[PDB]
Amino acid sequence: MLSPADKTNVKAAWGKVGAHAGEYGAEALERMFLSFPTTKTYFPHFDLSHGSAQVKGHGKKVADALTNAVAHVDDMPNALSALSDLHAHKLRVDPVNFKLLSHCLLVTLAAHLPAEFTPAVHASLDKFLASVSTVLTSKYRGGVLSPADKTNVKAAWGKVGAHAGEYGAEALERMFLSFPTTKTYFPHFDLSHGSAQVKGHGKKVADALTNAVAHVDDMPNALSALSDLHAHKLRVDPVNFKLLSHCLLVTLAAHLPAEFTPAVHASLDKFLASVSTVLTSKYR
């Protein structure tokens, strides 16, 4: 995800930050608490008043971890290992909040680095903070797919069987009705119930997931052509993959009364998130 030119851009920008890392970290936190008040629910034990020693100290820990990340950009999962563990097993911060801090860190850097914050550097910094956020949340659900997850996915998908196509079209119909904004990607389709266009597309989606299940340990290559197509031609906003994934889950739930146990539910959700991650890996 991070090109070597991205990494050069981050090293330059962060090097400019220099000794002000700690102060900037505290400013980013203050900006987050004010712009996104729900994030304060993770800090009820802090004095969150402006300039508080707690906030400054925490800001300095946050910046040093980013410094460490910048220093080890090509081995970030290993460098931030202890911090990934801590957020997954102890702090248990909902992943949505990492985006909110990342945005506030970018706003802080923009306000302090007029010369450095060019369009390309902005882009690299945004990608860098998304990568950090990804690493910090990578162990939230047991990490990648476990063998128990893989077993669960193969068992449920094997029951789907020849109905995979049919269920693909139902998932789309559910998505178009429940989340009308997704219809903006299909203005060339008849979206009415029973539409043959929707049925034909649902079968393609289903067949791709079939391929993913069969290559569950080699998903990026199996899905490479599809990652290309979504990233460079279709250009579907990444938010929408979560919406189809939910509707696929609902579809499986409504057709698999015995199979859709809490454990199998959890494994399927993790699997569709992995699929979604692969499909958006080449966007930037």
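Residue numbers here begin at 1 and follow the sequence given.
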Quiz item: Looking at the entry, does 157-165 or 92-100 show the higher mean C-alpha B-factor?
Solution: 157-165
Quiz prompt | Entry-level comparison of average CA B-factors, 110-118 and 78-86, reporting the higher stretch | solution = 78-86
Exercise. Pick out which of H246, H58, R31, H50 has the highest C-alpha B-factor in the PDB entry.
Key: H50
Exercise. Check the PDB entry and point out which of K127, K199, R141, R174 has the largest C-alpha temperature factor.
Key: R141
Exercise. Please rank the C-alpha B-factors of the chain's modelled residues and tell me whether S224 sits in the lowest, middle or highest third.
Key: highest
Quiz item: Should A12 be placed in the lowest, middle or highest third of its chain by the C-alpha B factor in the entry?
Solution: highest
Quiz item: Taking the entry's C-alpha B-factors for this chain, is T134 in the lowest, middle or highest third?
Solution: highest
Practice problem: Using the B-factors in the PDB entry, rank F179's C-alpha atom against the chain and give the third, lowest, middle or highest. | Solution: lowest
Quiz item: When the modelled residues of the chain are sorted by Cα temperature factor, does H215 land in the lowest, middle or highest third?
Solution: highest
